[PDB]
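Trainee:
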Amino acid sequence: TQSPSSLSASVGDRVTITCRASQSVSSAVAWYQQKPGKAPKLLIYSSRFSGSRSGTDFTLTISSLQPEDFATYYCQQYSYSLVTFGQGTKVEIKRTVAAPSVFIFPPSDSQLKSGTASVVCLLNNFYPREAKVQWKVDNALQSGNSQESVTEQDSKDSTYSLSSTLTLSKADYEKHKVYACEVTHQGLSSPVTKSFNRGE
Amino acid sequence: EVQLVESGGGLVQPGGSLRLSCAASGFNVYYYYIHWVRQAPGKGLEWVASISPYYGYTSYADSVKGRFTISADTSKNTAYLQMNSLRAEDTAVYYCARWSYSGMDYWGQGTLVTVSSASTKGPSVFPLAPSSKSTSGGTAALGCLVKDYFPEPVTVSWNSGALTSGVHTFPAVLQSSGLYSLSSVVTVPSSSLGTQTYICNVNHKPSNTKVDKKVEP
Ligand SMILES: [Zn+2]
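Residue numbers (the deposited numbering), protein chains in the order written: chain A, 6 to 51, 61 to 214; chain B, 4 to 104, 112 to 227.
This is the structure in structure tokens:
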């Protein structure tokens, strides 16, 4: 019902996930592991995976983290007249800081001829995931007219990629000159700004 | 050889009705608890309903009240989820699962349920052209903007599947208009821009839409 919390870890690390319980006492638990694009998998624990109950809170422990363990974990609690899944913990691969390479794309002439305009800013292969994109139109800071999405952790170098799309009407696009996206990230000592002038 | 195959997912207007199916194989639903679990895009798992073995007693999440009905046909070996008075927040991938006495050890592939007032529309495909500013120290970035389609999903490939390295196909975003949009990008050597051709192959099954787009500098 909410976004999964994120946990950064390395191979060989020990990880303990706590199931946030309710009116438990008389409650039982089941743990699941889910990878992007696939159905969850039931976790059989006791041997790398172990579990126990400390009070009302169920815990799942990964003794020594393996690269196939990097996933999103859920606890399921079931009791009398109650069945629920916990929030979910996404265990992601920790790696060295990597700055994004930034690219900006003007609206294609094809889209403009079709009566609309989308400006795209691309952030390629960065770590950690946390990144802020700020759109500027004639040096006016924008907000509420752009949307972004992020890929899952790359299977190649454990980085992320982000694309931000600024949506404007064709008429409004053509009455401004300078379009820029400003990128803020861990790996950047100073914010990187990619820009273009309309019609160059 | 245990398998659960789901069906019935699709698009419906809010207030409408949908029946999902979960066909079992390698076992009969009569002998096991069968569960329905859903997952909204980007969100965690949410338990929806369950039906008991032998006697077929049921249980529902508070969020699906007396709107949803779970049942099973033991002769056809299929479990169902009747969904009435559907709301936008019911939009999710729905999974059916078998319980084994313990946890849900077998899951279906999931089926997508979209609840919205928007109507089915094929996407428009626009190029994200490479240039002198989409390049840097040898590598150039290019892609395709797949805009204004409904509902999910859209699939994108490059050069009919031959190009997979450096390919980033981002998750779709739901625009305020109610229509979806996504971008697929790929980074290539700048020197290949003159030689190699790059084509994004877009498929949008809900509208039977197939579109190719050659991306040129
Ligand atoms: Zn990549």
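Don't be surprised by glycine CBs; every beta carbon is placed ideally from N, CA and C.
Check the C-beta distance from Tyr83 (chain B) over to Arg22 (chain B) and give it rounded, since I have them as a contact under 8 Å.
Mentor: As a working mapping, residue 83 (chain B) is identified with position 80 in the second sequence. As a working mapping, residue 22 (chain B) is identified with position 19 in the second sequence. Right, their Cβ atoms sit about 6 Å apart.
Trainee: Taking only beta-carbon atoms, is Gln101 (chain A) less than 8 Å away from chain B?
Mentor: Counting from one through the first sequence, the residue named residue 101 (chain A) turns up at place 87. True, the Cβ-Cβ gap to chain B drops below 8 Å.
Trainee: Could you run through the region 71–90 of chain B and flag, in chain order, every residue whose CB is less than 7 Å away from some CB of chain A?
Mentor: Listed by position along the chain: nothing, the set is empty.
Trainee: Tell me where the beta strand (DSSP E) around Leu138 (chain B) begins and ends.
Mentor: Translated into the one-based positions of the second sequence, residue 138 (chain B) becomes position 128. Per DSSP, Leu138 (chain B) belongs to the beta strand (DSSP E) from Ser134 to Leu138.
Trainee: Terminal residues of the continuous beta strand (DSSP E) containing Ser31 (chain A)?
Mentor: Residue numbering aside, residue 31 (chain A) sits at position 26 when the first sequence is read from its first letter. No beta strand (DSSP E) contains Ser31 (chain A), which DSSP labels as neither H nor E.
Trainee: Look at the alpha carbon of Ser191 (chain B) and the alpha carbon of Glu214 (chain A), and state the distance between them as a whole number of angstroms.
Mentor: On the second sequence, residue 191 (chain B) is found 181 positions in, with the first residue counted as 1. On the first sequence, residue 214 (chain A) is found 200 positions in, with the first residue counted as 1. So the alpha carbons of these two residues sit roughly 27 Å apart.
Trainee: Going by the DSSP bridge assignment, what does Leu23 (chain B) pair with across the sheet?
Mentor: Position 20 of the second sequence, counting from 1, holds the residue named residue 23 (chain B). Per DSSP, B:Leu84.
Trainee: Considering only DSSP beta bridges, list what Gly65 (chain A) is partnered with.
Mentor: Counting from 1 along the first sequence, the entry for residue 65 (chain A) is found at position 51. Answer is A:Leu74, bridged to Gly65 (chain A).
Trainee: Hey, could you find the ends of the alpha helix (DSSP H) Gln125 (chain A) is sitting in?
Mentor: Numbered from 1 along the first sequence, position 111 holds the residue referred to as residue 125 (chain A). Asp123 to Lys127 is the extent of the alpha helix (DSSP H) around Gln125 (chain A).
Trainee: Could you check if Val111 (chain A) is buried or exposed, using at least 16 other CB atoms within 10 Å of its CB as the buried criterion?
Mentor: Here residue 111 (chain A) is taken as the residue at index 97 of the first sequence, counted from 1. Answer is exposed; the Cβ neighbour count stays below 16.
Trainee: Mapping the DSSP letters down to three states, classify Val164 (chain B) as helix, strand or coil.
Mentor: As a position in the second sequence, residue 164 (chain B) is number 154, starting the count at 1. Note: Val164 (chain B) maps to coil in three-state DSSP.
Trainee: Just to confirm before moving on: does the CB-CB distance between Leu189 (chain B) and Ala128 (chain B) stay below 8 Å?
Mentor: Here the question's residue 189 (chain B) lines up with position 179 in the second sequence. Here the question's residue 128 (chain B) lines up with position 118 in the second sequence. Yes, the Cβ-Cβ distance between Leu189 (chain B) and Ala128 (chain B) is below 8 Å.
Trainee: Looking only at DSSP bridge pairs, what is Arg25 (chain A) linked to?
Mentor: As a first step, residue 25 (chain A) must be located in the first sequence, where it is residue number 20. BP columns for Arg25 (chain A) are empty, so no partner.
Trainee: For a cutoff of 8 Å on Cβ pairs, would you count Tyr94 (chain A) as touching chain B?
Mentor: Within the first sequence, the letter at position 80 stands for residue 94 (chain A). It does not: the Cβ of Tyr94 (chain A) has no partner Cβ on chain B nearer than 8 Å.
Trainee: Pull up the distance between the alpha-carbon of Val212 (chain B) and that of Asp76 (chain B), whole angstroms please.
Mentor: Position 202 of the second sequence holds residue 212 (chain B). Position 73 of the second sequence holds residue 76 (chain B). Roughly 39 Å between the two C-alpha positions.
Trainee: Can you tell me where the alpha helix (DSSP H) holding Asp168 (chain A) begins and where it ends?
Mentor: Against the first sequence, residue 168 (chain A) aligns to sequence position 154. Neither: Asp168 (chain A) is in no alpha helix (DSSP H) and is coded neither H nor E.
Trainee: Closer than 9 Å by beta-carbon distance: list the chain A residues that pair up with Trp50 (chain B), in chain order.
Mentor: For the purposes of this step, residue 50 (chain B) is taken as the residue at position 47 of the second sequence. Going along chain A in sequence order, the residues near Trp50 (chain B) (Cβ under 9 Å) are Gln90, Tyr92, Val97, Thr98 and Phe99.
Trainee: With DSSP as the reference, label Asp115 (chain B) as helix, strand or coil.
Mentor: Here residue 115 (chain B) refers to the residue found at position 105 of the second sequence. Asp115 (chain B): strand per DSSP, three-state reduction.
Trainee: Under the three-state reduction of DSSP, which class applies to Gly176 (chain B): helix, strand or coil?
Mentor: Counting from one through the second sequence, the residue named residue 176 (chain B) turns up at place 166. Coil, per DSSP.
Trainee: Quick check: does the Cβ of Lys104 (chain A) come within less than 7 Å of any heavy atom belonging to ligand 1?
Mentor: By one-based count along the first sequence, residue 104 (chain A) stands at place 90. Not under cutoff, so the answer is no.
Trainee: Please name the residue or residues paired with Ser10 (chain A) in a DSSP beta bridge.
Mentor: Along the first sequence, one-based indexing puts residue 10 (chain A) at 5. Bridge partners of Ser10 (chain A): A:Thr103.
Trainee: Quick check on DSSP: helix, strand or coil for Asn169 (chain B)?
Mentor: Locating residue 169 (chain B) in the second sequence gives position 159, where the first residue counts as 1. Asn169 (chain B) falls in the helix class under three-state DSSP.
Trainee: Bridge partners of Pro41 (chain A), per DSSP?
Mentor: By 1-based counting over the first sequence, the position of residue 41 (chain A) is 36. According to DSSP, which records beta bridges pairwise, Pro41 (chain A) is partnered with nothing at all.
Trainee: Secondary structure at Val97 (chain A), three-state DSSP: helix, strand or coil?
Mentor: In the first sequence, the residue the question calls residue 97 (chain A) occupies position 83. It is a strand residue.
Trainee: Using 8 Å as the Cβ pair cut-off and three pairs as the minimum, do the region 115–126 of chain B and the region 104–124 of chain A touch?
Mentor: No, because fewer than three Cβ pairs between the region 115–126 of chain B and the region 104–124 of chain A fall closer than 8 Å, the two stretches do not touch.
Trainee: Against chain A, with Cβ distances strictly below 8 Å, would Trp117 (chain B) count as a contact?
Mentor: Residue numbering aside, residue 117 (chain B) sits at position 107 when the second sequence is read from its first letter. Interface residue, yes.
Trainee: Evaluate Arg101 (chain B) with the Cβ neighbour count: other Cβ atoms within 10 Å of its Cβ, from every protein chain shown; 16 or more gives buried, anything less gives exposed.
Mentor: By 1-based counting over the second sequence, the position of residue 101 (chain B) is 98. Burial call: buried.
Trainee: Using a Cβ cut-off of 8 Å, which residues of the region 133–145 of chain A contact any Cβ in chain B, in chain order?
Mentor: Hits within the stretch, in order: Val134, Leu136 and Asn138.
Trainee: Are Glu144 (chain A) and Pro41 (chain A) closer than 8 Å when you measure CB to CB?
Mentor: As a first step, residue 144 (chain A) is located in the first sequence; it is residue number 130 there, counting from the start. As a first step, residue 41 (chain A) is located in the first sequence; it is residue number 36 there, counting from the start. Contact: no.
Trainee: Are the beta-carbon atoms of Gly120 (chain B) and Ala14 (chain A) separated by less than 8 Å?
Mentor: By 1-based counting over the second sequence, the position of residue 120 (chain B) is 110. By 1-based counting over the first sequence, the position of residue 14 (chain A) is 9. No, the pair does not count as a contact, with Cβ atoms beyond the cut-off.
Trainee: Have a look at the DSSP bridge pairing and note the partners of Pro199 (chain B).
Mentor: What you label residue 199 (chain B) is simply residue 189 of the second sequence in a count that begins at 1. DSSP lists B:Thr149 as partners of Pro199 (chain B).
Trainee: Would you kindly report the start and end of the unbroken alpha helix (DSSP H) that includes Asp186 (chain A)?
Mentor: Here residue 186 (chain A) refers to the residue found at position 172 when the first sequence is read from its first residue. Here the alpha helix (DSSP H) through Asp186 (chain A) covers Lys184 to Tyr187.
Trainee: Suppose you measure from the CA of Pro81 (chain A) to the CA of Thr130 (chain A); what does that come to, to the nearest Å?
Mentor: By one-based count along the first sequence, residue 81 (chain A) stands at place 67. By one-based count along the first sequence, residue 130 (chain A) stands at place 116. Computed Cα separation, rounded: 44 Å.
Trainee: Excluding the five sequence neighbours on either side, which residues of its own chain have a C-beta within less than 6 Å of the C-beta of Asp222 (chain B), listed in chain order?
Mentor: Numbered from its first residue, the second sequence carries residue 222 (chain B) at position 212. The residues are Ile209 and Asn211.
Trainee: Would you mind working out which of A:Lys146, A:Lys150, A:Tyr141 and A:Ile76 sits nearest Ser64 (chain A), comparing C-alpha positions?
Mentor: As a position in the first sequence, residue 64 (chain A) is number 50, starting the count at 1. Of the candidates A:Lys146, A:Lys150, A:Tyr141 and A:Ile76, the one whose C-alpha sits nearest the C-alpha of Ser64 (chain A) is A:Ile76.
Trainee: Mapping the DSSP letters down to three states, classify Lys46 (chain A) as helix, strand or coil.
Mentor: One-based indexing of the first sequence puts residue 46 (chain A) at position 41. Note: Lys46 (chain A) maps to strand in three-state DSSP.
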